[PDB]
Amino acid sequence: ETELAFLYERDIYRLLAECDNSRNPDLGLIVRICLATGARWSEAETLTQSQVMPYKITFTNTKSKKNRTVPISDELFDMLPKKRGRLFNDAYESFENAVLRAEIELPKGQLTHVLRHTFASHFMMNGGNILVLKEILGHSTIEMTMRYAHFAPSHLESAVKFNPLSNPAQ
């Protein structure tokens, strides 16, 4: 399955609706965190109150350079549970269930990465700087982010707009 599947707006909103009606009250938020930051499933699922701060989230695996801080909206921040320790319980099993109700087809074993793919896909499609994206997802190399480059609306007419000759930066 050569394709890195991602959801489109319509899917995205139908998935959320189903997630928000999941018998697991934490799913919605976990999915949202993922869509909003591009975090890996576990990264958002195991989130602790100390990674959350007024308008941003920090992800870390081992102190061994895996410390990323991804900015979120006031809206999302305000939705997060105020309690200490782990904000949510495990919710993966409930996810599979929601995705099915939303009529979402995905390649074998892709349910886990789909949200991250979606985030990156749209980020780039929205004109996001691939260099910023590499940091957000926490890739050790830019080659890893290159998988999302084709989404970037390329417009070479910028050479006239950004060249030193007509528009010197300094």
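Counting begins at 1, following the sequence as shown.
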*On average, which has the higher Cα B-factor in the deposited entry, 108-116 or 61-69?*
61-69
*Mean C-alpha B-factor higher for 14-22, or for 152-160?*
152-160
*asked:* Looking at the C-alpha B-factor values in the deposited entry, which of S140, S121, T145, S42 comes out highest?
replied: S140
*Consider only the C-alpha atoms of the modelled residues in this chain, order them by B-factor as the entry records it, and name the third containing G28: lowest, middle or highest.*
lowest
*Is the Cα B-factor recorded for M53 in the lowest, middle or highest third of its chain?*
highest
*In terms of the chain's CA B-factor thirds, is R84 lowest, middle or highest?*
middle
